[PDB]
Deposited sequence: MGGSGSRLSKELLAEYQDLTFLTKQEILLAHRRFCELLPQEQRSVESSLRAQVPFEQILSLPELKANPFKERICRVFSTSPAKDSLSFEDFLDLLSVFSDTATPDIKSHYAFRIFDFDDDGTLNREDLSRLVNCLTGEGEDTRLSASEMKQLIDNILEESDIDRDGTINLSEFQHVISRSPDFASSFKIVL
């Protein structure tokens, strides 16, 4: 998903986030950049899900930092060459706020809140209930109250190309 120019450019940008003492190639490939530095990058700073994006691409058990390889994975998924299948798969992981494998009413509520902003312009209790009910009506095929991956990939594939 990334060209060689993109990988080499990514390494130079990644290294600018490290202390001077960790900028050798070997040190840089062992380094873990905390989210605070990642969340300020132009590619992420304006993204409403930046905090969820960091978490999903982190490979450390504490899910609180990004390695260079994790950072290449993030760029790979957000590149213009990434397939519709991979984008909807990672979108599902990003929207799964509690990380339990399905999108429930709480996940959908947090997703809507991300789209509007924390609050003023926040949706009211009634507006949120009506929106979530409508989302579930279109997406939850087996009617068990949650949206699993296949339901999600199916609903996305039937939507216009967000290109």
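Trainee: Comparing the deposited sequence with the modelled residues, which stretches have no C-alpha coordinates?
Mentor: Comparing the full sequence with the modelled residues, the uncovered ranges come out as 1-20, 141, 185-191.
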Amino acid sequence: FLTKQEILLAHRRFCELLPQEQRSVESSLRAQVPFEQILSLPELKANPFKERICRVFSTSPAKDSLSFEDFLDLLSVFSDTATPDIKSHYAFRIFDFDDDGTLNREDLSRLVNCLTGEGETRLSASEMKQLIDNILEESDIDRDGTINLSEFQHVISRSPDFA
From here on, numbers count along this sequence of modelled residues.
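Trainee: Quick check: 103-111 versus 121-129, which has the larger average CA B-factor in the record?
Mentor: Between 103-111 and 121-129, it is 121-129 that shows the higher mean C-alpha B-factor.
Trainee: Mean C-alpha B factor from the entry: is it higher for 39-47 or for 25-33?
Mentor: Averaged over C-alpha atoms, the B-factors run higher in 39-47.
Trainee: Divide the modelled residues of the chain into thirds by Cα B-factor and specify which third, lowest, middle or highest, holds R143.
Mentor: Ranked within chain, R143 CA B lands in the middle tercile.
Trainee: Is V155 in the lowest, middle or highest third of its chain when residues are ranked by C-alpha B-factor?
Mentor: Tercile = highest for this residue's CA B-factor.
Trainee: Divide the modelled residues of the chain into thirds by Cα B-factor and specify which third, lowest, middle or highest, holds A62.
Mentor: Within its chain, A62 is a highest-third residue by C-alpha B-factor, going by the deposited values.
Trainee: How does the C-alpha B factor of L74 compare with the rest of the chain: lowest, middle or highest third?
Mentor: Its C-alpha B-factor, which the entry lists for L74, ranks in the lowest third among residues of this chain.
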